[PDB]
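Participant: Coordinates for the following, if possible.
(chains A, B, C, D and E)
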Amino acid sequence: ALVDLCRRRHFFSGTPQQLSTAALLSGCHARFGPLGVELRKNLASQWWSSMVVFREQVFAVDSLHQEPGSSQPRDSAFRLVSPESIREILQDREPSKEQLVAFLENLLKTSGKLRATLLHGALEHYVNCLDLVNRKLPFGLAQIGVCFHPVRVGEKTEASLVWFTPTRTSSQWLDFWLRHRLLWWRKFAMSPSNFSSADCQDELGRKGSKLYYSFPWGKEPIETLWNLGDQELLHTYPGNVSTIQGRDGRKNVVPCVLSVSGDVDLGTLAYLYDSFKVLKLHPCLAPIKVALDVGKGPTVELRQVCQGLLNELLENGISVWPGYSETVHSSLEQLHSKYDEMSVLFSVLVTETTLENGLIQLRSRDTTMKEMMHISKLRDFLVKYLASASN
Amino acid sequence: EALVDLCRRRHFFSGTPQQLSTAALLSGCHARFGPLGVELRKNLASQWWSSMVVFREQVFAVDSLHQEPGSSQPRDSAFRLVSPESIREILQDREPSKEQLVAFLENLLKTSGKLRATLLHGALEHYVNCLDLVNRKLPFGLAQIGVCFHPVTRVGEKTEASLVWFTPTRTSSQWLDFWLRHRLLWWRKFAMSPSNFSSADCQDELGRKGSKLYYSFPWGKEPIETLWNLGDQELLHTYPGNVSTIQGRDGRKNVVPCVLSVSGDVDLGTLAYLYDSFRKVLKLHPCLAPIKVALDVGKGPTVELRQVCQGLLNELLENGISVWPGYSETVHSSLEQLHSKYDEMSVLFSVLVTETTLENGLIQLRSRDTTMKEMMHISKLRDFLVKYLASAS
Amino acid sequence: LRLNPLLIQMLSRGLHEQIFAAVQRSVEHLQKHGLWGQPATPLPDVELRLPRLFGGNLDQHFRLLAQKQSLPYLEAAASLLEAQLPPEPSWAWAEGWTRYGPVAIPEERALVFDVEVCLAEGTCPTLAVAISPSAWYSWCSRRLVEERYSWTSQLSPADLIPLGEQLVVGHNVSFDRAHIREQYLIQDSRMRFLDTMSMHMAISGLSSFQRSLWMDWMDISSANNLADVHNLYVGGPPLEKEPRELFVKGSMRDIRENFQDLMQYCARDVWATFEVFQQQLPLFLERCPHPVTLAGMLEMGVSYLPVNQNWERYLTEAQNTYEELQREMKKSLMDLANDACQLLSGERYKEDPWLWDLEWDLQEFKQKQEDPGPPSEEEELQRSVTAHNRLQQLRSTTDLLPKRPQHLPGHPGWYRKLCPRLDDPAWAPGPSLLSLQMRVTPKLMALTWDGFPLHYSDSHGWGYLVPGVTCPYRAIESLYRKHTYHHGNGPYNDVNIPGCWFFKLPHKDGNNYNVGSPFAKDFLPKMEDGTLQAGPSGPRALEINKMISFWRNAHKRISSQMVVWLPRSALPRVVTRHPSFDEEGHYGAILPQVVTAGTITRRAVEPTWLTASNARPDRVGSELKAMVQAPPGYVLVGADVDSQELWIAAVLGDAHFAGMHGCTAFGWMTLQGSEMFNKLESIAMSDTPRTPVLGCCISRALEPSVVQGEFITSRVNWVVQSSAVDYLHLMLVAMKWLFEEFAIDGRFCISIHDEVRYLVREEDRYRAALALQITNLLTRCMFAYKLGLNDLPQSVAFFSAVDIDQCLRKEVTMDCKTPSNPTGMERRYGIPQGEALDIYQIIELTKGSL
DNA sequence: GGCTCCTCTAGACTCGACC
DNA sequence: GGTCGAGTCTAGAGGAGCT
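Facilitator: Residues are numbered from 1 along each chain as shown, chains lettered A, B, ... in the order given. For reference, the structure is listed below:
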């Protein structure tokens, strides 16, 4: 199974009881190993480039994991309590019954709480990032961060864009993001029909949409777009309205808030399921691009070639797996099966012939063909292949 | 003008004037970085990642939660996670009492999870995980950039870039000195004044050898990175003495690797490089500056010029160069003001496209370092920008 | 306890028995200076079971030792002198050694040798030619023949000149030995290398001044070049080298295409070397008749330096520290240039006290609304292409601009020169050509000398403008106020800077010279005194220059040293079993290309190893000697001769005045705590100056015949220095004799001017220390005996100590801390502090014998 | 009282580039 | 086939290194 397969190749992490459908979706454990982080690091970059770099009037936001906290009910965010203060009450003076009741109330009245979504992080930065565009609309605020949802406490890395758009054409902009997000998720997908959009409505009646992924157990909302309007923005900014109004083309209009929210921890599971003895991750998402090894002796001579070759690829931004450093040996086929399930794009072998004319063996993950290529032409081919796949 | 006020105006910092004090910036109880400061840190975290995880051998990433399992140790000061519903259920659904409520408070310090204070304990839980990955071949390490919570009470959050190095005891005194040298070069690589980064030896409460990097902030030196020769006790604490799972291949024999913790401060790192780089110009390193190109338009025809700039914008963006689309600004800005605006924002180059560009293709290209305007054809603009940035690394 | 009439302590009875009216005059001179009386406490008596001295007296003993040590090699040299062989033979392109008749390795015991090396490969030998009786020999490297894509960048005995009681001769045999495969092994294969250059320097050596004039005595001497030596000793047709210089300036392909010519240009040199040696051998055996001289020279020709994997680490760390420390200095200068380009705007450069006199001219670049809503899906592709095509159309205007790209017209002229061209392969951003030595750097840094801005005159060098494009005299006055009335170096009014008096800066060699760069270390004391105060770094620039000055000059030598790493199979069994051995490291050696002679004083010279490059706390790469670390199982026993030349001069003075030790005031002061000059002048001004111990004659270039009362200083210096070289010869001969007779596993390591180091096993180390002490004692006894003195003082009988240390360094207690080695040798490498043992301790540990 | 090597700078010749 | 603004090479001078 993929859950076990990603465990062997260090895409997954945790005990056998933690590699379960309910536990993986929970986020109560570190579900990614050394390789899974880098693949999830690629989704963070691909999301960032296509939603911030190439997009007009989108800016970066970083927000605290904790929130100020409130005494209102119906919220289940886990609070943060100082153990020293807890030990202070129990050990110092033996407070009365009334004090203990007050202490537990104080743990909800003033104690901070962990964040559940990144929307409130952007809203406190709306005023300062409004100044960034000289109060022009539309614009957005994007962020990737870990959010906590109760279950214990689960950790979910959400990629959220808060798009501020005028009240007019808010539905059109929501369809604009709905199409781009559906195209962005389907851009890397080997099965783009697994990503779906469905119309959904908020409890307050506000319009919205969801993006699912057809996991083998069912479709899970990897991404959800809500047309929040201005109620959420006015909640964080009550009273004066001048500081909230953006300068539209004809009048000052409070921008309706579009909440484009997506989960990269859950997204990475989608692209792990989508790729699956070879994980055919998209060339922009595979965490390991090049696998370098030494074919035979002389080990000292070949390892210098690989180390020189490795230093060239690393300086070019291409991630490499220095497999030549291992003292153990296995058959070439065992290396091929090992690398495929590791989603290694290309496997490079430095043999004696590399010392004679510079020709090396270049195996492609997608086609299983070995191409004989000169050492100097290796880096040119790798950059060309990655550049074409990005576009 | 002060540096904090300058960075607040140019969106390197974010926060109220009360949150921008010296102590408040050190604590980390508040998101202190604006749209540009986040990009400066995102560059700094990438520079650390390339130097420590990409270029270095036997270094890997690690995923560590923000929550550690509850420890009954009274010396612990980490904040605990408590369910708000559980407090309401006990307190409101029944009549409380002095005898019964203490059972709930005692259970909090005993079982409830806690916010992590360092990335070390996350690496130790993944130590066994990497032993399969590297086939026990000592030495190796796990590196991570994440948020660590330390009490201030208030919960301060600072982004720590940790490297937990597992080496045999023979080379522990060597790798501790090796990383101390390797770290001090990386911090000094981008600094305008490398002399501000210093190292001083220190000893902890157990007498173990250590070394702490400093940056000479205007108020005083701050320990942005501490290295420790922790030894075996941290591994002997997390793992119940079963030596089979702790020993790695240190050559021919097997030895329990000595733990070395290098713990840089990324959030304090950007603060140093903002102080280090500061006419009013943030002379940030080209590999660290958030904005590198600043496009623009001329007198007219603006419609024809914007077609050129938009095609130019996609040329640079597809080539990994951050661009500031200054041709979309809705208020006309003079050159003298536009130049100081780009200088304070640490923009490397101020490209300008005018009507003459439509015929010959020559665009003006100003430099932050020299403040001298040189003309260049559009077709060769990408080649120079890639070359300048590649040579700065 | 034995005392001379002057109360000077001498050898004890036990040592004296085994080894071996003018008093009133001596006291009168002694009391006149004030050294009469004042006795000293007697040192503890030393007794040893010295081996029976051969031939009776010490002189005959050392003669017998030399005649039993160098006997086979004299015959080996004589074999060439009467050898017969066919003339210079076709060149062979094959691999290995080829025998040119009328074998895997040459078999004969005599070989005139020369090696040619392509510098493109750096250090690996390219080809070599060997002259042997009855057959020539030629060598071709496997890199020259096969032409593979890449080769091993680290050297080893595998890719070296192979071979296998034999004498090898050449013009710079060092080079020949440094490329021989078997000479890097720790096991000492019995081969000795004899140099024609060393024998030329011994016979007709030209001094430092004489070679300057040579490039009378000119007809009897010549320079060390092979052509000059061949013209001197043999004459005939002159030698010619190929003007192409393929080995030095040409690539490997050119050497491949001209192999049949290089094999002739090398064979010619080998034959010329043979012809020179034919006349050098009898002439040198005549000039230096004492066999100890030749034996000591052959022992100086086998210097052997072991190293380990730390050598590559040393090179990498030193180079990286040099770069980083240079980058810090370079990047500090570049920022000063960038901050000055802003003075162009507003014509403010004319007010700069330092940058007024620069090129600020500029060239010219001459040739030949409401929200629309979301862009629709079709608008996405439409907007993309129309913007993309609006650029690809402009790509056709490439031919509307000049072919040669105009270089930085916007940047000022002085900044253009500091910035490399865009087409330069070594182009770096900003003023990448800045350096402290440039004439703009003292102007960029806004240097001040005692409150005055600096200025450069094309004739007078660097100076300062004392107030009194037009120079901003107002700015000069303004700076002085911020910081006739000056009387430094003479004010040169010929410069004629308006409103200023140009006073030159002081120079170390006097006012007759000019200052070329105010960053010279000579001005470092002036920097701290507050006179030469820099502006926008400062002293840190001078400190960096001081720290990297050694490595800047010496990195192309140190990094280029030919290190051959021994494989595990070639290491001795001792190293493969010592507890300090590690399988992950590699161990090798450096063969110092030491010329046995090289001066008129017959001193051995080498730019890297035979220079006193002791470790410094403020120098990059100065731990060079500390990197000579014995492999596990071996140690470096050595000693320093206490006042070698000083005691030689004293004993020469003592042997002349009253014929006893301490009779002279100089000798009295030397032994404890102008007669020497008279004897030195008598020896130098004789018909043929000779060494007062081994009778080695002076070079034919300094005999009073050719030079009629000329170069007196060279001759008088030569007397003492050649006596020191004789002392070294005696020490090396006696050490080799004691090593071979008593079967001590060791070999000669290296001998700097005044040191003697030996690579010996830790097992037999105290035996080696006792051998060294005995050799010292016997050498001192012979030196006293040959001068007409029948006794030897106790105070100089034995060494102060004999060092036993794991690495080469001046003292065993030095950790060798440098900027590139801050943790020292104890921490970074684990080398412990060595042992220093006096004579008594060595006696106790060795029980008085071996 | 001597050189020698590395680095910076000025001047004269060459070139090909444009016209 | 003409001027002329970069290459290029040689020559000169000064600092660091050894006696």
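Participant: Could you give the number of residues near residue 319?
Facilitator: I went with chain A, as the question did not name one. When counting by other Cβ atoms under 10 Å in any protein chain shown, one arrives at 17 neighbours for residue A:319. C-beta: built from backbone N, CA, C; applies to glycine.
Participant: please go with chain C instead
Facilitator: Burial measure for residue C:319: 17 neighbouring residues, criterion other Cβ under 10 Å.
Participant: my read is it is in a strand, agree?
Facilitator: No. Counting by DSSP: H, G, I helix; E, B strand; the rest coil, residue C:319 is located in no strand; its state is helix.
Participant: my guess is it contacts residue C:556, does it?
Facilitator: No. The pair residue C:319 / residue C:556 is not scored as a contact, 11.0 Å apart, by Cβ atoms under 8 Å.
Participant: Give me the phi and psi angles of the closest residue to DNA strand E within the stretch 251-400 of chain C.
Facilitator: Taking Cβ to the nearest atom of the strand, DNA strand E has its nearest neighbour within the stretch 251-400 of chain C at residue C:363, 7.1 Å off. Dihedral pair for residue C:363: phi -80, psi -170, per degrees, to the nearest 10.
Participant: quick one, what contacts it?
Facilitator: If you count contacts by Cβ atoms under 8 Å, 6 or more residues apart in numbering or on different chains, residue C:363 has them with C:406, C:409.
Participant: now with 10 Å?
Facilitator: By Cβ atoms under 10 Å, 6 or more residues apart in numbering or on different chains, residue C:363 lies in contact with C:406-411, C:413, C:416.
Participant: now do residue C:345
Facilitator: Residues counted as contacts of residue C:345 (Cβ under 10 Å, 6+ apart) are B:371-372.
Participant: Could you do residue C:181 as well?
Facilitator: Residue C:181 neighbours (Cβ under 10 Å, 6+ apart): C:105, C:125, C:156-164, C:564, C:570.
Participant: okay, those residues in CSV with neighbour count next?
Facilitator: Converted to CSV, these look like this (neighbours: other Cβ atoms under 10 Å in any protein chain shown):
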residue, neighbour count
C:105, 13
C:125, 26
C:156, 18
C:157, 20
C:158, 12
C:159, 17
C:160, 20
C:161, 24
C:162, 15
C:163, 19
C:164, 11
C:564, 24
C:570, 18
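Participant: Strands - which of those land there?
Facilitator: Among the contacts of residue C:181, the members falling in strands (DSSP state E) are residue C:564.
Participant: Among the contacts of residue C:181, give me the pair with the biggest separation.
Facilitator: Maximum pairwise distance in the contacts of residue C:181, criterion Cβ to Cβ, is 18.5 Å, between C:125 and C:570.
Participant: Point me to the residue sitting farthest from the middle of chain C.
Facilitator: What lies farthest from the middle of chain C is residue C:370; by Cα atoms, centre = their mean that is 79.4 Å.
Participant: ok so it is a helix residue?
Facilitator: No. Using three-state DSSP, the assignment for residue C:370 is coil, not a helix.
Participant: For chain A, give me its nearest residue in the stretch 551-700 of chain C.
Facilitator: Scanning the stretch 551-700 of chain C for the residue nearest chain A gives residue C:586, at 9.2 Å (criterion: Cβ to the nearest Cβ).
Participant: And the stretch 651-800 of chain C, by the same measure?
Facilitator: Minimum separation of the stretch 651-800 of chain C from chain A (Cβ to the nearest Cβ) falls at residue C:759, amounting to 26.7 Å.
Participant: For the stretch 1-150 of chain A, just list every one of the helices.
Facilitator: For the stretch 1-150 of chain A, the helices defined by DSSP state H, counting those that start in this stretch occupy A:2-8, A:21-26, A:34-48, A:83-91, A:97-109, A:119-123, A:126-132.
Participant: Buried residues in stretch C:372-380, which are they?
Facilitator: Neighbour-count burial for stretch C:372-380 flags C:373-374 (criterion: 16 or more other Cβ atoms under 10 Å in any protein chain shown).
Participant: Widest-spaced pair of the contacts of residue C:363?
Facilitator: Spanning the widest gap among the contacts of residue C:363 are C:406 and C:413, at 13.3 Å by Cβ to Cβ.
Participant: how far away is the residue farthest from the centre of chain C from residue A:138?
Facilitator: According to Cβ to Cβ, to the nearest Å, residue C:370 stands 11 Å off from residue A:138.
Participant: Now do the buried residues in the top helix by length along chain A.
Facilitator: Counting by DSSP state H, the longest helix found in chain A is helix A:170-188. Residues of helix A:170-188 classed as buried under the neighbour-count rule (16+ other Cβ under 10 Å) are A:170, A:173-174, A:176-178, A:180-182, A:184-185, A:188.
Participant: just stretch A:64-79 next, same as before
Facilitator: Per 16+ other Cβ under 10 Å, stretch A:64-79 contains these buried residues: A:64-67, A:69, A:77-79.
Participant: now swap in stretch C:675-682 and tell me
Facilitator: In stretch C:675-682, counting by 16+ other Cβ under 10 Å, buried: C:675-676, C:679-680.
Participant: Which of those residues sits closest to DNA strand D?
Facilitator: The nearest member of the buried residues of stretch C:675-682 to DNA strand D, counting by Cβ to the nearest atom of the strand, is residue C:680 at 16.9 Å.
Participant: My read is that that closest one contacts residue C:650, right?
Facilitator: No. Counting by Cβ atoms under 10 Å, residue C:680 does not reach residue C:650; the two are 11.8 Å apart.
Participant: Now do the end-to-end distance for stretch A:126-139.
Facilitator: This stretch, stretch A:126-139, spans 10 Å end to end (Cα to Cα, to the nearest Å).
Participant: ugh, wrong one, I meant stretch C:51-61
Facilitator: 11 Å.
Participant: buried sites along it?
Facilitator: Buried residues in stretch C:51-61, counting neighbours by 16+ other Cβ under 10 Å, are found at C:51, C:53, C:57-59, C:61.
Participant: Then stretch A:194-214?
Facilitator: By neighbour count on 16+ other Cβ under 10 Å, the buried set for stretch A:194-214 is A:194-195, A:197, A:208-214.
Participant: do stretch A:212-228 as well
Facilitator: Residues of stretch A:212-228 classed as buried: A:212-215, A:220, A:222-228 (neighbour count, 16+ other Cβ under 10 Å).
Participant: how about CSV for those, with secondary structure added?
Facilitator: As requested, the buried residues of stretch A:212-228 are exported to CSV (three-state DSSP):
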residue, secondary structure
A:212, strand
A:213, strand
A:214, strand
A:215, strand
A:220, strand
A:222, strand
A:223, strand
A:224, strand
A:225, strand
A:226, strand
A:227, strand
A:228, strand
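Participant: Could you list the domains of the chain?
Facilitator: Just going to use chain A. Domain segmentation of chain A under automatic domain parsing yields A:2-65+A:115-275, A:288-390.
Participant: that's the other chain; I wanted chain C
Facilitator: As given by automatic domain parsing, the domain ranges for chain C are C:72-302, C:340-361+C:411-535.
Participant: so of those, which one's packed in deepest?
Facilitator: A comparison of those by mean neighbour count, using mean count of other Cβ atoms under 10 Å in any protein chain shown, puts domain C:72-302 on top with a mean of 19.
Participant: what sits against residue 217?
Facilitator: Here I'm looking at chain A. A:21-22, A:25.
Participant: Please refer instead to chain C.
Facilitator: Residue C:217 touches C:204, C:206-207, C:210, C:699-703, C:705-707, C:710-711, counting by Cβ under 10 Å, 6+ apart.
Participant: out of these, who has the most neighbours?
Facilitator: residue C:699 (30 neighbours).
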